[PDB]
Amino acid sequence: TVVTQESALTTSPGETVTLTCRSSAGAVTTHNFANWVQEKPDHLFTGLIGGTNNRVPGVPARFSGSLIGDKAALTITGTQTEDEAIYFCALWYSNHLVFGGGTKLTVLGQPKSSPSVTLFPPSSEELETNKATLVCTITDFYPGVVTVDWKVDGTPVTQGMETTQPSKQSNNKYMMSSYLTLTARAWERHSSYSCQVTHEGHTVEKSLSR
Amino acid sequence: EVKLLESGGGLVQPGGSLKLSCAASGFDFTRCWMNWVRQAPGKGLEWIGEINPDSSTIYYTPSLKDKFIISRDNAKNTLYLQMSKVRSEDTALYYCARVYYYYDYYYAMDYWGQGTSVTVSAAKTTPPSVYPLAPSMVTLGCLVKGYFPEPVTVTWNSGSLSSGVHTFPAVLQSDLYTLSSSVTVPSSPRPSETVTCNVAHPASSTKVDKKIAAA
Ligand SMILES: CN1CCC[C@H]1c1cccnc1
């Protein structure tokens, strides 16, 4: 029923990384015919492994499939920068296939860059409609894992915000956007607004006051 | 050139029904099992089912057997997916994939369709409200708020400012989509030369031009 993979793994090019694929229904065996699929930006999926350990022709030799203990494995050796991607495993159970949740593989192929953060206040035109949307643009960060917190008069906001999943810029860095949508009442009931972007332990704050 | 061109997706009313097509090309469709898999907005991949070359065996994810009917017409090199009593949870990109029997030794989901989007919503065509985002270099932008359905297209100065432009993915909120587009420009030309974003929403047959000015 539930196939589990590491949510995210980080490696550096040339190193060896191993993604695993575990099953709620017991040990993974060759009878589960583990498949590995790569997803690259623009919803581009390519089959990597089938039958646990068979490499699809055309896939670079550095990819291989195997079993490790009670789990199927995808191994990348001499990992290239282009291997930064999402990898789904899929296990076969007699009459249906179940995909894992996927592993976001980071291959450090660029120097660490901190996110450039811009906090825009609500526009005057939008306030006329009695809504107030603050827009936090987050650009030029690598690796592409960021967490975003919004503070209204110092309270962690937990609803009314939507944050984009990191998207690959042209410079191979990552970018993202976050919105905090308030009623005009909420906007005028409070005075301190801050968008906090956390990237690789350090946190960057942009803030404004009504 | 294995091609898996999908079609038949789009907007469907909740409780409604849809039939997706996956037109195969560049290989022998009749020696290949075929599958369907979907990927919702933020979640990962979910298998739907797969079909025998001669449709003697048809497999489904158990919890989906009653909502989806997989089929194929080898005469048209095409695979089909019927959706019925669809709910909002069924909003996702739907992929067809070739599950090729390599060397009669192992199966592999090698070639995948580009994907066709299925949006389950009762919402109506809503044009976007375009708002100007403004306070070394300068960061400007445009908020493209509350449109339905996707897509919208954005350019700056009619597609001349291409350096520094970042148009982000849309978010969904209250059935309506929103996105933003920013442009970082030398502080000299703003104010100074004029920056204007150009938003296009084909569904509503709307185009909006908004100029960025200081608060
Ligand atoms: C091809 N199907 C029938 C036997 C195995 C199953 C399958 C589905 C997806 C990937 N590999 C195998």
Side-chain angles (χ1 to χ4, degrees), chain A residues 117-139 150 160-164 167 169 175 177-184 186-187 193 195 206 208 210, chain B residues 11 119 121 123-135 137-185 189-206 208-210 212-215:
Chain A
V117 188
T118 318
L119 176 60
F120 293 111
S123 69
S124 39
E125 283 107 318
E126 183 182 25
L127 292 170
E128 297 170 346
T129 76
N130 301 297
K131 281 206 20 183
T133 301
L134 290 79
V135 185
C136 194
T137 74
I138 311 158
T139 61
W150 285 86
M161 62 169 288
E162 316 268 355
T163 309
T164 282
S167 194
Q169 300 179 156
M175 68 180 168
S177 54
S178 192
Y179 308 90
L180 176 65
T181 325
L182 309 167
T183 56
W187 168 250
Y193 301 88
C195 168
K206 276 291 172 302
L208 67 74
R210 239 205 319 101
Chain B
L11 325 175
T119 311
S121 166
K124 302 165 167 280
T125 308
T126 304
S129 302
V130 181
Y131 299 112
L133 304 180
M137 294 248 283
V138 88
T139 301
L140 319 176
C142 274
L143 171 61
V144 184
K145 185 188 169 209
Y147 59 88
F148 180 94
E150 289 202 276
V152 298
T153 82
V154 187
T155 66
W156 288 85
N157 286 7
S158 318
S160 101
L161 299 198
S162 295
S163 180
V165 308
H166 292 299
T167 308
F168 303 87
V171 309
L172 180 50
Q173 210 164 350
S174 301
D175 285 338
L176 291 180
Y177 301 97
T178 291
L179 71 76
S180 288
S181 189
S182 55
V183 76
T184 85
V185 175
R190 247 283 289 86
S192 185
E193 292 153 277
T194 69
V195 47
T196 58
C197 73
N198 333 109
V199 182
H201 187 222
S204 69
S205 302
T206 308
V208 172
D209 289 296
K210 209 87 153 216
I212 317 311

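Naming convention: chains lettered A, B, ... in sequence-line order (proteins, then strands); numbering from 1 in each chain.
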Could you measure the distance from the [atom1] atom of [X] to the [atom2] atom of [Y]? Nearest 0.5 Å is fine.
X	Y	atom1	atom2	result
A:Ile138	A:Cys195	CD1	SG	5.0 Å
A:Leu180	A:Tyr193	CG	OH	8.0 Å
B:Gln173	A:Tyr179	CD	OH	10.5 Å
B:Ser182	A:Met175	OG	CE	8.0 Å
B:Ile212	B:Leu133	CD1	CG	7.0 Å
A:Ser177	B:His166	OG	NE2	12.0 Å

Contact summary for [X] and [Y], nearest pair of heavy atoms:
X	Y	value
B:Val208	B:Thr206	CG2-CG2, 4.0 Å
B:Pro149	B:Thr125	CD-CG2, 4.1 Å
B:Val199	B:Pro128	CG1-CG, 4.2 Å
B:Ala134	A:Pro121	O-CD, 4.1 Å
A:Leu127	A:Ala132	CD2-CB, 3.8 Å
B:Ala123	B:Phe148	O-CE2, 3.5 Å

Donor-acceptor contact present, side-chain [X] to main-chain [Y], <3.5 Å:
X	Y	result
B:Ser180	B:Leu143	no
B:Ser160	B:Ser158	no
B:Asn157	B:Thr196	yes
B:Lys210	B:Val130	yes
A:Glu126	A:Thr133	yes

I'd like to check [X] versus [Y] (side-chain heavy atoms, cut-off strictly below 4.5 Å). Are they in contact?
X	Y	answer
A:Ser178	A:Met161	yes
B:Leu179	B:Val154	yes
B:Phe168	A:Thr139	yes
B:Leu11	B:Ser121	no
A:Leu208	A:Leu134	yes
B:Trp156	B:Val185	no
B:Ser181	B:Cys197	no

Query - Candidate list A:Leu182, A:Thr183, A:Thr181, test side-chain contact (heavy atoms from CB on, under 4.5 Å), partner A:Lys131, passing option - result: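 Per the side-chain contact (heavy atoms from CB on, under 4.5 Å) rule, the option paired with A:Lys131 is A:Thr181, out of A:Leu182, A:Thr183, A:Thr181.
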
Query raised in the report: Taking the inter-plane angle between the rings of B:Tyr147 and B:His201 on a 0 to 90° scale, is it parallel (under 30°), tilted (30 to 60°) or perpendicular (over 60°)?
Result: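 Tilted.
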
